[PDB]
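In: Need a 3D model of the sequence below.
(chains A, B and C, ligands or ions: 3)
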Amino acid sequence: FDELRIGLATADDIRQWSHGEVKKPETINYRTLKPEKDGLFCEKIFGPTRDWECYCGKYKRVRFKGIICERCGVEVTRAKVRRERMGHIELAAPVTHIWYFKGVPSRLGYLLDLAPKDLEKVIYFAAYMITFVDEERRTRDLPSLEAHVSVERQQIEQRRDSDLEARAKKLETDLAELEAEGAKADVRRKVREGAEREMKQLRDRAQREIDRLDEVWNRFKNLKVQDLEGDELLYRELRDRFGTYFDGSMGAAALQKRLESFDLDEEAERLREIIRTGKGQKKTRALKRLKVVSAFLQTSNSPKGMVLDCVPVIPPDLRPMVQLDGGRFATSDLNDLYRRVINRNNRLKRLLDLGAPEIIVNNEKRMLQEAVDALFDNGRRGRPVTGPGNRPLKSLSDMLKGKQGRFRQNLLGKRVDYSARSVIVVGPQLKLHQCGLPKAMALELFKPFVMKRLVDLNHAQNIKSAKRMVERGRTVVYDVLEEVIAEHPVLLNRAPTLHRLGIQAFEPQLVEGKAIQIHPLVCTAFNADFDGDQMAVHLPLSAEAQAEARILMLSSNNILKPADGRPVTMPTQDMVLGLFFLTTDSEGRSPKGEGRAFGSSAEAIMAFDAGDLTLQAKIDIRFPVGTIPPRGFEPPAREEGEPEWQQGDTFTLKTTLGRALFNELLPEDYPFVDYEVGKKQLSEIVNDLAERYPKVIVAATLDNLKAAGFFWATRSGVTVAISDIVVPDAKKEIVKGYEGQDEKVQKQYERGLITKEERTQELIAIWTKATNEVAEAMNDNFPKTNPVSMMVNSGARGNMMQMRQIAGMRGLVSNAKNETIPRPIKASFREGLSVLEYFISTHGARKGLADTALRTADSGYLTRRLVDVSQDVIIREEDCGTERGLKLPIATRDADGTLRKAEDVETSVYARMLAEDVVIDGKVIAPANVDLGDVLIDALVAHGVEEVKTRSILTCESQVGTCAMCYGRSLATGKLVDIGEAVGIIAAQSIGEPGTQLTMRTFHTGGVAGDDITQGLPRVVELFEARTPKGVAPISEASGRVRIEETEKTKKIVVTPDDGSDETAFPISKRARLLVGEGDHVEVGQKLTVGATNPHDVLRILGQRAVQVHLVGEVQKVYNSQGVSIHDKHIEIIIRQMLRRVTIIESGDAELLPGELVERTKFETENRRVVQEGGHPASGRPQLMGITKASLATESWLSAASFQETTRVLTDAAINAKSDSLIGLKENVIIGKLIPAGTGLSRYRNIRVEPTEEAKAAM
DNA sequence: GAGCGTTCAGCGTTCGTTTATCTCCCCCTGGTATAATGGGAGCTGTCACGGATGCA
DNA sequence: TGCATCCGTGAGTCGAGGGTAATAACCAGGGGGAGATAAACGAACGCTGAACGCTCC
Ligand SMILES: [Mg+2]
Ligand SMILES: [Zn+2]
Ligand SMILES: [Zn+2]
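Out: Numbering: from 1, shown residues only, chains lettered A, B, ... in the order given. Ligands and ions are numbered 1, 2, ... in the order given. The relevant structure is shown in the block below.
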């Protein structure tokens, strides 16, 4: 397995594969149910239906295999061969592949200079083509053919003379005869009028005969090849009057002749000349055409593969005529489609054999061509072959396409054995690395292991007897089962699996019932609540696989989210509420026994048990040896004339008993914490522990926090009641005052002084102010000790506006299609809405449910496309060779006489390693090649340096993937990233995981469309696809004087650049709403108006570094608007992938095509060779292209095919004949090989293990 | 030797065998002699994006 | 050269489950495999005892 070469299969190649030929539409005898002879399913060609049995019944036995029975010709072998062996159909008349024509023009290519409308006419028997002309003959014998037409021309003139003479005589005779009789007044005039009408008809006929004769002669003189000829009658006149000079034909046979006579090298030369000297769209037509035709000359394969002579047939097992229970049958649709082409081909042979006309044979050839088209791609032309009428028939390409196609349903994602499923429940008594596994569930998973142990322990005699024992479920099995599951991990998994913490290994543990017990800390990583949520269970089998589940995927080595290095295994609903009550100051209750001194922390618990002391009360408490005091307590000490070291001996401390209890959970070396804990400070110490302490201590401490948190949440006494939710007393008055304020506007609208649209905007603003005022009144009313406020202030769950609409008024509600009602909701859910208030509220509620389902769909699509472009980024080098970094602002917005750090320093500059040292006083503070952390960043801001240059993923110069140093330290582990990690897949998941969480839109459009640029997930998708924004704001090229022209038709902005350079004229919309002053200076980087900057022009003018800054900054503001935090390295990896290619312009010396994407590294190599060759280098300019476009233009056709396009990529790969080297990730999942990422690397997988000599010496 | 005692023997003597004849329905093909001479028929509304393809 | 049009592609995740319709119709001939009765050999038996030995008077 080294390369998956693909190309065009020629006619001889198809015959070579075949082990026979299908000659009938027969499938199976209706009575015996056995395959027929020389039809579909035939055993002579495909293989024997039963193992080693032939068709006639001779040679049934297994002995004489590998022979051919002389009776029926069946070769005895295994029945499985039917899945491999394939046949072929011979076609009487050639047909043309539906793929290579009838598609996009990058695959058909205009290889013959014919329009698709032209092709439709010729191959479907509606117009002729002149496949060949004897242009030399025509010149040599020209006077003879000229002599024949000239004498032929004479005859019409002689005939015209006589008919006209008779016409002249006829007019003279009838007028004269009538006038002698004189029967009426005007006999001569009426008949002469009739007579001249007859002359006109004869004269008109004379025009038809001469002009038709003229028309047939002039088509001779334009008898160039590939000339379509629409009029069938005219062709017959050409053909009958003269043969042996022009050769004409119809259909796919004509095309085959044209490709035979093609001289493709000369066509390429003339196409190159047009590219060398051409203008307008004429150059582009030659440019696209060059792409297809050049591929044919370089490749050995001939173009004749377009027109197939023999149709291969799928092996019978892949299109099964399976018996169905109940005596019915089940057949695959390929049989029906294969039946039609066999039927129509067979009839064509009959029609050709006897003498038949052209009309009848053409219709059969037309139907044969249509039948083959339906087989390869049903529905690419007209109506599909519906068969039963209820549904389109499946087709060859239909199996290779879409979400349900072979690629995306049976090669990337398969169903698996040794797997299970069940609902999940919460078990608090578990440890972090433990899960409950139901008895019955585990028994069916571990059935092979239980059977092996049952035999060894002699409870079961043999393998079949062991099988029977477990199926019955005898008592002995359960004892054996607990023995075998121990120390054997199982991989839990929830269904959406957005990010890599979706799959986590656990140590199983048997539990009765039928629901998987799970650990409450790990819920948010799975995103699992306990409404009802089935979770799949997989079992790792081999020694390598289960080793991976213990080390890599365990649930205790995954404390930190890889997105931003934030804790994920301390959720907050109950635990955080408990700890908040436990560590809070007095006055939360009656602080009994406060302001006293206690002998030891034990004695305080004694006082608490008696009830004198309370848990939340300030007290003086002593402290045993070894407990570190606060960091600010280290300089001060007790009063003594001697030096003292209070850091690890006795010390009193002003605190509360609860804080003393809480600290005992933390490890002994940890300094004391004396403040109320909340949620933010709680997350901090878990993050602090993960940095400075080993992994085992972090996992153990969380369990202590879980137990203490749950215990005190019970004792905290949070509840809900009708008297707990207290409505603001002031509220009623506040609402009435606004109503009176409102009503004057209503009054002054009745008199017509204000338009309704202006009134709606002014009322919404008035109501919005009202909601804030009643919120403030309510916030003041509530006491800090009540339940509802306590569980929001603590950060447990909920938000302020949610609490507002339970007690205070809900406020304005968004009407359908983003409008506001003028009459907001005045009642609270406690007070109970009215009927009409409830109806209007539904408009927003249902819309939110429908929209949320859509955002999941789009976020899933965004993640999938991101993964393709972001793969092939693997850490494959310890350290890069280079010095180029990126300059980031550590500190900004510094008020006068003080230094203020940057607001987003964590996501931006943390966990990066300095490209070069930093000197401010002439001395290095932070040396180079040191990753930045809390301590180092503090050093730099204290000394006052305002920027830093950190090495980063963009400027990495690694020939394969990215080095470890440029990526900097990872975030899920807090150490330098390991070699072989797949940073690419990690980055894609991190961007896509909070996509569902975004859900942001303009609150109200205001009645204007286009003023507000795309927000949220559409904006993210727009940024990553390189799409020009909906609201586009132009960019200044350089300095100069700018001014505005307010033309009536449309607005306009014209800027006169300084230094005499060429004028530049910018257009704008009529509602431009610009902001720059008139006749004033402009700079290079500013944007002229409000909107969203176009990423392409920022690349064009500013530079590659600037567009990197722009893209990372733009997408981050979407995320930071909500509250999610993604470290900039994750963004940077994807943006690195977009800038990789380069667009070549003026491709004279590089010798490849102009104006197509080419990767940067190949461009550099080709230029280096050409200057070595003496030729001047070809230029290139950087080009940014979307994640979709970047993914498709990859070297590996197999990975590209497994992406969105599965026809175009297959079609052009066949033309280009691209051998797929199998290096990569997606394509190594298709074949079943080991992915080059992590343990699959050459370096990690090839190691060897031997003991030491001292180990052998002992035993 | 008497009288009967075991056991090859080759030889008949038809019965053993498999192997040769010979009589029968599904299955395929061909043929009807007034005159008869261009389909029914099922649709249709997502959404954005882009690039080919037509045409003023 | 620009503007107008249509065509192709993609659009989440795991759960639950099995059947679809309609019009000249016949002798007439005749082939071709699928099931029904006498001839070639050798093996059970068959009396043929005959031809050998095994004990007994
Ligand atoms: Mg749920
Ligand atoms: Zn056979
Ligand atoms: Zn590097």
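In: Give me the spatial nearest neighbour of the residue of the stretch 951-1100 of chain A found nearest DNA strand B, chain neighbours excluded.
Out: Among the residues of the stretch 951-1100 of chain A, residue A:1027 lies closest to DNA strand B, at 4.4 Å counting by Cβ to the nearest atom of the strand. (C-beta placed from N, C-alpha, C; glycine too.) The shortest distance from residue A:1027 to any non-neighbouring residue, by Cβ to Cβ, 6 or more residues apart in numbering, is to residue A:1186 (7.1 Å).
In: So is the longest strand along chain A next to ligand 1?
Out: Longest strand in chain A, counting residues (DSSP state E): strand A:419-426. No. If you take Cβ under 5 Å from the ion as the test, strand A:419-426 misses ligand 1, and the best it gets is 9.7 Å.
In: Would you mind listing the buried residues in that strand?
Out: For strand A:419-426, burial by neighbour count (16 or more other Cβ atoms under 10 Å) applies to A:420, A:422, A:424-425.
In: With distance to ligand 2 added, can I get those residues in JSON lines?
Out: Compiled in JSON lines, these are given as follows (distance: Cβ to the ion, whole Å):
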{"residue": "A:420", "distance to ligand 2": "48"}
{"residue": "A:422", "distance to ligand 2": "53"}
{"residue": "A:424", "distance to ligand 2": "59"}
{"residue": "A:425", "distance to ligand 2": "63"}
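In: Any buried residues in the helix or strand where residue A:215 lies, and which?
Out: Here residue A:215, judged by DSSP states H and E, is contained in helix A:187-220. For helix A:187-220, the buried set under the neighbour-count rule, 16+ other Cβ under 10 Å, comprises A:187-188, A:191-192, A:195, A:199, A:216-217, A:219-220.
In: Relative to residue A:1241, which of those is nearest.
Out: Closest approach to residue A:1241 among the buried residues of helix A:187-220 (Cβ to Cβ): residue A:219, at 69.7 Å.
In: My guess is that closest one contacts residue A:239. True?
Out: No. Counting by Cβ atoms under 8 Å, residue A:239 is not a contact partner of residue A:219; they are 11.6 Å apart.
In: can you confirm residue A:1015 is in a helix?
Out: No. Under DSSP: H, G, I helix; E, B strand; the rest coil, residue A:1015 sits outside any helix and is assigned coil.
In: Can you get me a residue count around it?
Out: The number of residues packed near residue A:1015 is 14, by other Cβ atoms under 10 Å.
In: returning to what we had before: filter the buried residues of helix A:187-220 by proximity to ligand 3?
Out: Of the buried residues of helix A:187-220, not one also sits near ligand 3 (Cβ under 5 Å from the ion).
In: how near is the residue nearest to residue A:349 when sequence neighbours are not counted to residue A:26?
Out: Ranked by Cβ to Cβ, 6+ apart and with sequence neighbours excluded, the top spatial neighbour of residue A:349 is residue A:92, at 5.2 Å. Using Cβ to Cβ, to the nearest Å, residue A:92 is found at 19 Å from residue A:26.
In: gap between the strand or helix carrying residue A:1113 and the chain center?
Out: Using DSSP H and E, the element containing residue A:1113 is helix A:1104-1122. Helix A:1104-1122 has its C-alpha centroid displaced from the chain centroid by 20 Å (Cα atoms, centre = their mean, to the nearest Å).
In: next one: stretch A:593-601
Out: Distance, centroid of stretch A:593-601 to centroid of chain: 63 Å (Cα atoms, centre = their mean).
In: Tell me the buried residues in it?
Out: Taking 16+ other Cβ under 10 Å as the criterion, stretch A:593-601 shows A:593-594, A:598, A:601 as buried.
In: What residues does the stretch 601-750 of chain A have near ligand 2?
Out: Counting by Cβ under 5 Å from the ion, the stretch 601-750 of chain A has no residue next to ligand 2.
In: Now do the helices in the stretch 601-750 of chain A.
Out: Using DSSP state H, counting those that start in this stretch, the helices found in the stretch 601-750 of chain A span residues A:601-610, A:657-665, A:680-692, A:695-716, A:731-750.
In: Those helices: which one's closest to residue A:534?
Out: Residue A:534 sits nearest to helix A:695-716 of all the helices of the stretch 601-750 of chain A, at 24.5 Å, using Cβ to Cβ.
In: counting contacts, what elements does that closest one pack onto?
Out: If you count contacts as 3 or more Cβ pairs under 8 Å, 6 or more residues apart in numbering; DSSP states H and E, helix A:695-716 packs onto helix A:575-582, helix A:657-665, helix A:680-692.
In: and the ones you listed, which is most packed in?
Out: helix A:575-582 (a mean of 25; mean count of other Cβ atoms under 10 Å).
In: Counting neighbours, what do you get for the residue nearest to residue A:806 when sequence neighbours are not counted?
Out: Once flanking residues are discounted, residue A:806 sits nearest to residue A:829: 5.3 Å by Cβ to Cβ, 6+ apart. Residues near residue A:829, counting by other Cβ under 10 Å, number 14.
In: Is DNA strand C within reach of the helix or strand where residue A:866 lies?
Out: In the assignment (DSSP H and E), residue A:866 maps to helix A:835-870. Yes. For helix A:835-870, a contact with DNA strand C is found by Cβ under 7 Å from any atom of the strand, at A:853, A:856-857, A:860-861, A:864.
In: can you tell if that helix touches DNA strand B?
Out: No. Helix A:835-870 is not in contact with DNA strand B by Cβ under 7 Å from any atom of the strand; minimum separation 11.0 Å.
In: after that helix, next one along is what?
Out: Downstream of helix A:835-870 (by DSSP H and E), the next one is strand A:886-888.
In: for residue A:620, what are its contacts?
Out: Listed by Cβ atoms under 8 Å, 6 or more residues apart in numbering, the contact set of residue A:620 reads A:596-598, A:652-654.
In: Equivalent analysis for residue A:1160, please.
Out: A:1140-1142.
In: With residue A:1142 as the reference, measure out to it.
Out: 5 Å.
In: ok so, going back, buried subset of the residues of helix A:835-870 next to DNA strand C?
Out: Counted by 16+ other Cβ under 10 Å, the residues of helix A:835-870 next to DNA strand C give no buried residue.
In: possible to save those as CSV with distance to ligand 1?
Out: Formatted as CSV, the residues of helix A:835-870 next to DNA strand C follow (distance: Cβ to the ion, whole Å):
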residue, distance to ligand 1
A:853, 14
A:856, 14
A:857, 18
A:860, 18
A:861, 23
A:864, 23
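In: about what we covered before: and the buried residues of stretch A:593-601, which of them are in helices?
Out: Counting by DSSP state H, these place residue A:601 in helices.
In: quick one: contacts for the residue sitting nearest the centre point of chain A?
Out: Compute the mean C-alpha point of chain A, and by Cα atoms, centre = their mean the closest residue is residue A:865, 2.2 Å away. Residues near residue A:865 by Cβ under 8 Å, 6+ apart: A:1187-1188, A:1191, A:1204.
In: and with 7 Å instead?
Out: Going by Cβ atoms under 7 Å, 6 or more residues apart in numbering, residue A:865 touches A:1187-1188, A:1191.
In: Can you tell me the SS state at the residue in the stretch 1101-1250 of chain A that ligand 3 sits nearest to?
Out: Proximity of the stretch 1101-1250 of chain A to ligand 3 (Cβ to the ion) peaks at residue A:1136, 11.2 Å away. Under three-state DSSP, residue A:1136 falls in the helix class.
In: Near it, how many other residues are there?
Out: If you count neighbours by other Cβ under 10 Å, residue A:1136 ends up with 21.
In: Quick check: it touching residue A:953?
Out: Yes. At 5.7 Å, residue A:1136 and residue A:953 qualify as touching, with contact defined as Cβ atoms under 7 Å.
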